[PDB]
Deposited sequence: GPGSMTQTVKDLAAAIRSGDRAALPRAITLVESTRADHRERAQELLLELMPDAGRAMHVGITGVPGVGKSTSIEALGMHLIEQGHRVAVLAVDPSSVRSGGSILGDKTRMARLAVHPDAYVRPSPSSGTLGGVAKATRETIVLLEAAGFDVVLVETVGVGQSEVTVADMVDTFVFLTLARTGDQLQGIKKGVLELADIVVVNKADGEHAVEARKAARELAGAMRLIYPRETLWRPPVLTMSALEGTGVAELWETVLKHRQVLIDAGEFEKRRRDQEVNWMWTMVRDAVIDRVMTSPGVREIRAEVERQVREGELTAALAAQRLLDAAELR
(Lines of atoms letter the chains of each structure in order from A and count residues from 1; the text may use other names and numbers.)
(Lines give C-alpha, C1' and ligand atoms only; values in the text may rest on other atoms or scores of the structure.)
Protein backbone atom coordinates (compact mmCIF):
# COMPACT_ATOMS: atom_id res chain seq x y z
CA UNK A 1 0.00 0.00 0.00
CA UNK A 2 1.09 3.56 -0.73
CA UNK A 3 1.12 6.15 2.06
CA UNK A 4 -2.03 7.64 0.40
CA UNK A 5 -3.82 4.26 0.52
CA UNK A 6 -2.97 3.95 4.21
CA UNK A 7 -4.23 7.50 4.82
CA UNK A 8 -7.49 6.60 3.14
CA UNK A 9 -7.73 3.25 4.99
CA UNK A 10 -7.25 5.01 8.39
CA UNK A 11 -9.96 7.53 7.53
CA UNK A 12 -12.43 4.93 6.36
CA UNK A 13 -11.97 2.65 9.44
CA UNK A 14 -10.34 -0.46 7.90
CA UNK A 15 -9.64 -3.12 10.51
CA UNK A 16 -5.86 -3.09 9.96
CA UNK A 17 -5.09 0.54 9.13
CA UNK A 18 -4.71 2.25 12.51
CA UNK A 19 -2.55 -0.56 14.02
CA UNK A 20 -0.23 -0.45 11.02
CA UNK A 21 -0.07 3.33 11.17
CA UNK A 22 0.84 2.98 14.85
CA UNK A 23 3.51 0.32 14.21
CA UNK A 24 4.91 2.64 11.50
CA UNK A 25 5.24 5.62 13.84
CA UNK A 26 6.70 3.38 16.47
CA UNK A 27 9.42 2.18 14.09
CA UNK A 28 13.04 3.28 14.28
CA UNK A 29 13.74 1.92 10.76
CA UNK A 30 14.83 4.75 8.41
CA UNK A 31 12.32 3.97 5.69
CA UNK A 32 9.50 3.60 8.22
CA UNK A 33 10.61 6.97 9.69
CA UNK A 34 10.41 8.60 6.23
CA UNK A 35 7.08 6.97 5.49
CA UNK A 36 5.62 7.85 8.92
CA UNK A 37 6.21 11.56 8.14
CA UNK A 38 4.74 11.31 4.66
CA UNK A 39 1.66 9.77 6.25
CA UNK A 40 1.45 12.57 8.85
CA UNK A 41 1.82 15.27 6.15
CA UNK A 42 -0.99 13.47 4.34
CA UNK A 43 -3.09 13.48 7.52
CA UNK A 44 -2.52 17.21 8.27
CA UNK A 45 -6.03 18.36 7.34
CA UNK A 46 -7.17 16.15 10.24
CA UNK A 47 -4.63 17.27 12.81
CA UNK A 48 -6.44 19.12 15.50
CA UNK A 49 -9.99 17.76 14.97
CA UNK A 50 -10.00 16.29 18.53
CA UNK A 51 -10.04 17.99 21.85
CA UNK A 52 -6.78 17.26 23.62
CA UNK A 53 -7.12 16.90 27.33
CA UNK A 54 -4.36 15.92 29.73
CA UNK A 55 -5.02 14.04 32.97
CA UNK A 56 -2.47 13.47 35.73
CA UNK A 57 -2.19 12.49 39.40
CA UNK A 58 -0.20 10.26 41.72
CA UNK A 59 -0.92 6.49 41.70
CA UNK A 60 -3.96 5.61 43.86
CA UNK A 61 -5.59 9.00 43.36
CA UNK A 62 -8.33 7.39 41.21
CA UNK A 63 -7.05 8.35 37.72
CA UNK A 64 -8.06 5.18 35.88
CA UNK A 65 -11.52 5.11 37.50
CA UNK A 66 -11.86 8.83 36.64
CA UNK A 67 -10.92 8.33 32.99
CA UNK A 68 -13.32 5.41 32.73
CA UNK A 69 -16.15 7.44 34.18
CA UNK A 70 -15.39 10.46 32.02
CA UNK A 71 -14.98 8.23 28.96
CA UNK A 72 -18.28 6.45 29.39
CA UNK A 73 -20.03 9.79 29.94
CA UNK A 74 -18.55 11.21 26.71
CA UNK A 75 -19.51 8.09 24.74
CA UNK A 76 -23.11 8.35 26.00
CA UNK A 77 -23.09 11.80 24.40
CA UNK A 78 -21.86 10.37 21.12
CA UNK A 79 -18.13 11.19 21.33
CA UNK A 80 -15.52 8.77 20.13
CA UNK A 81 -12.83 8.60 22.74
CA UNK A 82 -9.23 7.45 22.94
CA UNK A 83 -6.85 7.61 25.94
CA UNK A 84 -3.11 7.65 25.22
CA UNK A 85 -0.85 6.75 28.17
CA UNK A 86 2.62 8.29 28.29
CA UNK A 87 4.74 5.50 29.68
CA UNK A 88 8.47 5.99 29.58
CA UNK A 89 9.04 2.98 31.83
CA UNK A 90 6.71 0.66 29.71
CA UNK A 91 4.78 -0.62 32.71
CA UNK A 92 1.66 -0.32 30.44
CA UNK A 93 -5.70 -2.75 22.49
CA UNK A 94 -9.32 -2.78 21.26
CA UNK A 95 -9.71 -0.07 18.64
CA UNK A 96 -13.01 -1.12 16.90
CA UNK A 97 -15.69 -0.94 19.67
CA UNK A 98 -17.59 2.39 19.41
CA UNK A 99 -19.18 1.48 22.82
CA UNK A 100 -15.80 1.56 24.66
CA UNK A 101 -12.83 3.90 24.91
CA UNK A 102 -9.73 3.07 22.88
CA UNK A 103 -6.85 2.65 25.41
CA UNK A 104 -3.33 2.84 24.00
CA UNK A 105 0.21 3.18 25.20
CA UNK A 106 2.67 3.62 22.33
CA UNK A 107 6.46 3.08 22.54
CA UNK A 108 9.28 3.09 20.02
CA UNK A 109 10.47 -0.37 18.95
CA UNK A 110 13.26 -2.31 20.70
CA UNK A 111 15.85 -1.07 18.19
CA UNK A 112 15.53 2.52 19.52
CA UNK A 113 18.70 4.23 20.84
CA UNK A 114 17.59 5.69 24.18
CA UNK A 115 18.67 9.20 25.13
CA UNK A 116 21.04 10.71 27.67
CA UNK A 117 19.16 13.98 27.10
CA UNK A 118 15.65 12.41 27.57
CA UNK A 119 15.65 8.78 28.60
CA UNK A 120 12.83 6.77 27.00
CA UNK A 121 10.54 9.75 27.42
CA UNK A 122 11.57 11.57 24.23
CA UNK A 123 10.70 8.57 22.09
CA UNK A 124 7.36 7.98 23.84
CA UNK A 125 6.43 11.72 23.65
CA UNK A 126 7.17 11.76 19.94
CA UNK A 127 5.22 8.58 19.29
CA UNK A 128 2.30 9.78 21.42
CA UNK A 129 2.11 13.19 19.75
CA UNK A 130 2.04 11.61 16.32
CA UNK A 131 -0.49 8.98 17.29
CA UNK A 132 -2.86 11.82 18.32
CA UNK A 133 -3.01 12.77 14.66
CA UNK A 134 -3.57 9.12 13.72
CA UNK A 135 -6.52 8.95 16.11
CA UNK A 136 -7.94 12.21 14.77
CA UNK A 137 -7.72 10.95 11.20
CA UNK A 138 -9.59 7.85 12.49
CA UNK A 139 -12.55 9.97 13.75
CA UNK A 140 -11.73 10.24 17.46
CA UNK A 141 -12.89 13.72 18.67
CA UNK A 142 -11.69 13.50 22.25
CA UNK A 143 -8.15 12.39 23.00
CA UNK A 144 -7.23 12.04 26.65
CA UNK A 145 -3.52 11.95 27.51
CA UNK A 146 -2.57 10.53 30.88
CA UNK A 147 0.70 10.13 32.81
CA UNK A 148 1.86 6.78 34.16
CA UNK A 149 7.76 10.10 36.81
CA UNK A 150 8.61 13.48 35.24
CA UNK A 151 6.08 13.12 32.35
CA UNK A 152 3.78 15.95 33.41
CA UNK A 153 5.40 18.70 31.36
CA UNK A 154 5.54 16.44 28.30
CA UNK A 155 1.80 15.83 28.56
CA UNK A 156 1.00 19.51 29.28
CA UNK A 157 2.81 20.52 26.08
CA UNK A 158 0.64 18.28 23.88
CA UNK A 159 -2.86 19.10 25.29
CA UNK A 160 -5.22 22.14 25.40
CA UNK A 161 -6.38 21.59 28.96
CA UNK A 162 -4.42 19.93 31.75
CA UNK A 163 -6.38 18.38 34.61
CA UNK A 164 -4.71 17.53 37.94
CA UNK A 165 -6.30 14.99 40.29
CA UNK A 166 -5.54 15.11 43.97
CA UNK A 167 -6.85 13.75 47.26
CA UNK A 168 -7.79 15.36 50.60
CA UNK A 169 -6.03 13.38 53.39
CA UNK A 170 -8.03 15.74 55.59
CA UNK A 171 -9.87 19.02 55.01
CA UNK A 172 -6.52 20.77 55.68
CA UNK A 173 -3.98 18.55 53.81
CA UNK A 174 -3.87 17.49 50.17
CA UNK A 175 -1.84 14.50 49.01
CA UNK A 176 0.46 13.49 46.12
CA UNK A 177 1.38 16.98 44.98
CA UNK A 178 4.77 16.79 43.25
CA UNK A 179 6.75 20.07 43.19
CA UNK A 180 6.01 22.19 40.12
CA UNK A 181 3.00 20.19 38.87
CA UNK A 182 0.29 22.38 40.36
CA UNK A 183 1.38 25.31 38.19
CA UNK A 184 0.68 23.22 35.08
CA UNK A 185 -2.94 22.68 36.11
CA UNK A 186 -5.75 24.44 34.31
CA UNK A 187 -8.24 22.48 36.52
CA UNK A 188 -7.59 20.70 39.83
CA UNK A 189 -9.90 17.93 41.10
CA UNK A 190 -10.19 16.54 44.58
CA UNK A 191 -11.40 12.98 43.84
CA UNK A 192 -13.05 10.46 46.24
CA UNK A 193 -15.46 13.09 47.48
CA UNK A 194 -18.01 10.52 48.56
CA UNK A 195 -19.43 9.14 51.81
CA UNK A 196 -18.46 10.92 55.01
CA UNK A 197 -15.36 12.08 53.12
CA UNK A 198 -17.27 14.37 50.82
CA UNK A 199 -17.39 17.28 53.36
CA UNK A 200 -13.57 17.06 53.87
CA UNK A 201 -12.97 16.99 50.10
CA UNK A 202 -14.99 20.16 49.71
CA UNK A 203 -13.21 21.88 52.62
CA UNK A 204 -9.86 20.94 50.99
CA UNK A 205 -11.07 22.27 47.63
CA UNK A 206 -11.89 25.65 49.18
CA UNK A 207 -8.57 26.00 51.00
CA UNK A 208 -6.84 25.25 47.70
CA UNK A 209 -9.00 27.72 45.80
CA UNK A 210 -7.96 30.24 48.52
CA UNK A 211 -4.33 29.25 48.08
CA UNK A 212 -4.57 30.02 44.40
CA UNK A 213 -6.34 33.34 45.05
CA UNK A 214 -3.40 34.26 47.35
CA UNK A 215 -1.03 33.43 44.43
CA UNK A 216 -2.62 34.03 40.96
CA UNK A 217 -3.12 37.69 39.94
CA UNK A 218 -6.80 38.68 40.26
CA UNK A 219 -7.12 39.94 36.63
CA UNK A 220 -5.89 36.83 34.74
CA UNK A 221 -7.73 35.10 31.84
CA UNK A 222 -8.31 31.79 33.56
CA UNK A 223 -8.08 31.03 37.19
CA UNK A 224 -7.82 27.30 37.66
CA UNK A 225 -11.15 26.21 39.26
CA UNK A 226 -10.93 23.61 42.02
CA UNK A 227 -13.64 20.97 41.78
CA UNK A 228 -14.69 17.91 43.75
CA UNK A 229 -15.62 14.61 42.17
CA UNK A 230 -16.37 10.94 42.99
CA UNK A 231 -15.26 8.83 40.08
CA UNK A 232 -16.87 5.76 41.66
CA UNK A 233 -20.35 7.29 42.13
CA UNK A 234 -20.39 9.59 39.12
CA UNK A 235 -20.76 12.80 41.14
CA UNK A 236 -19.08 15.80 39.54
CA UNK A 237 -17.99 13.87 36.42
CA UNK A 238 -20.30 15.75 34.08
CA UNK A 239 -19.25 19.02 35.70
CA UNK A 240 -15.51 18.33 35.10
CA UNK A 241 -16.27 18.03 31.41
CA UNK A 242 -18.41 21.20 31.36
CA UNK A 243 -15.43 22.97 32.93
CA UNK A 244 -13.05 21.49 30.31
CA UNK A 245 -15.42 22.82 27.61
CA UNK A 246 -15.46 26.18 29.34
CA UNK A 247 -11.64 26.34 29.30
CA UNK A 248 -11.65 25.76 25.60
CA UNK A 249 -14.22 28.54 24.94
CA UNK A 250 -12.27 31.00 27.09
CA UNK A 251 -9.12 30.15 25.12
CA UNK A 252 -10.94 30.57 21.75
CA UNK A 253 -12.52 33.90 22.92
CA UNK A 254 -9.02 35.26 23.83
CA UNK A 255 -7.63 34.27 20.38
CA UNK A 256 -5.40 31.87 22.20
CA UNK A 257 -6.54 28.28 21.46
CA UNK A 258 -5.09 27.81 17.95
CA UNK A 259 -2.08 29.95 18.63
CA UNK A 260 -1.20 27.78 21.63
CA UNK A 261 -1.40 24.59 19.65
CA UNK A 262 0.71 26.16 16.90
CA UNK A 263 3.25 27.32 19.52
CA UNK A 264 3.43 23.82 21.07
CA UNK A 265 4.22 22.43 17.67
CA UNK A 266 7.12 24.86 17.07
CA UNK A 267 8.39 24.26 20.64
CA UNK A 268 8.25 20.53 20.01
CA UNK A 269 10.30 20.98 16.83
CA UNK A 270 13.00 22.83 18.73
CA UNK A 271 13.03 20.26 21.51
CA UNK A 272 13.75 17.57 18.91
CA UNK A 273 16.51 19.75 17.42
CA UNK A 274 18.00 20.43 20.88
CA UNK A 275 17.73 16.77 21.87
CA UNK A 276 19.40 15.46 18.72
CA UNK A 277 22.48 17.68 19.12
CA UNK A 278 22.81 17.11 22.85
CA UNK A 279 22.55 13.37 22.20
CA UNK A 280 25.14 13.57 19.40
CA UNK A 281 27.61 15.08 21.90
CA UNK A 282 26.77 12.87 24.86
CA UNK A 283 26.95 9.51 22.93
CA UNK A 284 30.18 10.61 21.28
CA UNK A 285 33.07 8.14 21.69
CA UNK A 286 35.43 10.79 23.04
CA UNK A 287 32.89 11.96 25.59
CA UNK A 288 31.85 8.40 26.53
CA UNK A 289 35.58 7.72 27.14
CA UNK A 290 36.51 10.75 29.34
CA UNK A 291 33.20 11.75 31.04
CA UNK A 292 33.63 9.91 34.33
CA UNK A 293 37.16 11.25 34.90
CA UNK A 294 36.23 14.84 33.95
CA UNK A 295 33.30 14.87 36.42
CA UNK A 296 35.54 13.47 39.11
CA UNK A 297 37.97 16.35 38.62
CA UNK A 298 35.30 19.01 38.77
CA UNK A 299 33.79 17.42 41.88
CA UNK A 300 37.16 17.39 43.67
CA UNK A 301 38.31 20.81 42.40
CA UNK A 302 41.19 19.52 40.25
CA UNK A 303 39.47 21.12 37.23
CA UNK A 304 37.16 24.08 36.67
CA UNK A 305 33.73 23.58 35.17
CA UNK A 306 34.74 25.83 32.26
CA UNK A 307 37.75 23.73 31.27
CA UNK A 308 35.91 20.47 31.86
CA UNK A 309 33.18 21.75 29.52
CA UNK A 310 35.72 22.76 26.90
CA UNK A 311 37.38 19.38 27.16
CA UNK A 312 34.05 17.60 26.65
CA UNK A 313 33.19 19.78 23.64
CA UNK A 314 36.68 19.10 22.22
CA UNK A 315 36.29 15.33 22.65
CA UNK A 316 32.85 15.29 20.94
CA UNK A 317 34.24 16.32 17.55
CA UNK A 318 30.70 17.62 16.79
CA UNK A 319 31.96 19.88 13.99
Where along the deposited sequence are residues missing from the model? 1 to 6, 99 to 101, 158 to 159
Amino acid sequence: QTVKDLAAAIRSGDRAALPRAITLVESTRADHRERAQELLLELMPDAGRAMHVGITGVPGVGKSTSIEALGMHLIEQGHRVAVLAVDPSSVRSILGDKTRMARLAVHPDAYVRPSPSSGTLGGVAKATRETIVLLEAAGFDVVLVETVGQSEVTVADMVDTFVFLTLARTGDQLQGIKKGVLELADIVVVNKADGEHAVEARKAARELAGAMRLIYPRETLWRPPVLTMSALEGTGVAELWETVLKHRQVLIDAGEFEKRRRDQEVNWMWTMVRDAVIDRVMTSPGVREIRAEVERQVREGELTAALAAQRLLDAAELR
From here on, numbers count along this sequence of modelled residues.
Of 243 to 251 and 106 to 114, the one with larger mean CA B-factor: 106 to 114
Which wins on mean Cα temperature factor, 187 to 195 or 216 to 224? 216 to 224
Top Cα B factor in the deposited entry, candidates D97, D141, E152, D160: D97
Given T131, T170, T166, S230, identify the residue with the highest C-alpha B factor in the PDB entry. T170
Against its chain's modelled residues, does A47's Cα B factor rank lowest, middle or highest third? middle
Ranked against its chain, the third holding the CA B-factor of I75: middle
Sort the modelled residues of this chain by their C-alpha B factor and say whether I177 lands in the lowest, middle or highest third. highest
Just say lowest, middle or highest third for the CA B-factor of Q264 relative to the other modelled residues in its chain. middle
For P59, does the deposited CA B-factor place it in the lowest, middle or highest third of the chain? middle
